[PDB]
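Take a look at the structure below.
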Amino acid sequence: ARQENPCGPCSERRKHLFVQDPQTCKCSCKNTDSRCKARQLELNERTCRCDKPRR
């Protein structure tokens, strides 16, 4: 342990659907446009929830 400064979640906190890299703090969603498309939906990249297909 040295210079212990944990990363702060990108989209505030409430975006629990996002996961974050522990060292570089870069965030990616667990949910995807591929998942949503399989459900005949598309991803709302703000919340990373599946919404009506904007197509």
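We label chains A, B, ... in the order they appear in the structure tokens, count residues from 1 in each chain, and number ligands from 1 in the order shown.
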
**Message:** Using only C-alpha atoms, which protein or nucleic acid residues come within 12 Å of stretch 19-23 of chain A? Drop anything in the same chain fewer than 2 positions from it, and give the result as a PyMOL selection string.
**Reply:** chain A and resi 3-17+25-31+48

**Asked** What residues in chain A get the DSSP label strand (DSSP E or B)? Please answer as a VMD selection string.
**Response** chain A and resid 18 to 20 27 to 29 42 to 44 49 to 51

Can you spit out the residues from that selection as a compact mmCIF listing (two decimals), in the first residue's frame, using C-alpha atoms?
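Once written, out-v6.txt looks like this:
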```
# COMPACT_ATOMS: atom_id res chain seq x y z
CA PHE A 18 -21.20 1.19 -14.89
CA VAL A 19 -17.98 -0.50 -13.73
CA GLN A 20 -14.61 1.29 -13.42
CA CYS A 27 -15.49 3.48 -16.98
CA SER A 28 -17.42 0.96 -19.12
CA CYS A 29 -21.05 -0.24 -18.90
CA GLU A 42 -30.98 -0.18 -27.90
CA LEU A 43 -28.76 1.19 -25.09
CA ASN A 44 -29.35 4.62 -23.51
CA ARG A 49 -30.40 0.79 -19.58
CA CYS A 50 -32.23 -0.65 -22.62
CA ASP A 51 -34.79 1.73 -24.21
```

**Request:** Apply DSSP to the structure's backbone, then extract all residues of chain A labelled alpha helix (DSSP H) and return them as a ChimeraX atom specification.
**Result:** /A:33-38
